[PDB]
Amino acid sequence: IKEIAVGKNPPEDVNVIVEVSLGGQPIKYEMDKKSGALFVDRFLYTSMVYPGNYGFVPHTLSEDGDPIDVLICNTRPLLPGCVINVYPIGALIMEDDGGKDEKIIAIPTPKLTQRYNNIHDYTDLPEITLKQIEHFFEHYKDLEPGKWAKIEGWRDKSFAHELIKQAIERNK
């Protein structure tokens, strides 16, 4: 990780290290800090699957001690452990049993694919895609004891930029 850059021109683009593939098996891998290995954090407790590829941006630190989380809302499953350059386009704001949880929403950049050339902001994604993301994060831990999430709402790309920018600073 120490030699994976945050991105080329962050926060406009960031590199995401993928932990969980969209769809497929309900297996929540999590990269371990100390070893760089992907551990199985858990199998999902609900009959749900990730609505996009999920991972984190290296060399970022949130207020709560974790790297910036990102849900990549493309349609193809990516290998856990790979790195993908993406455009943040928004953020999903939630409150969970552990406090404030803000997840960046991102798309692959045009160099990787031309499929998203007209997606510049989370509001350009289909409405049902946004709702599914909300509903996933709201309910995927329903059968884990003591665990809940409430959806506050969505914030725009400029907010996602600022959150990333500040997480980069907090890391240094």
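All residue numbers are counted from 1 along the displayed sequence.
- Averaged over their C-alpha atoms, the temperature factors of 98-106 and 82-90 are higher for 98-106.
- Note on 14-22 vs 155-163: mean CA B-factor is higher in 155-163.
- Considering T123, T129, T113, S35 together, the PDB entry gives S35 the largest C-alpha B factor.
- Ranked by Cα temperature factor within the chain, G65 sits in the highest third according to the deposited record.
- Ranked against the other modelled residues of its chain, the C-alpha B-factor of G55 as given in the entry falls in the lowest third.
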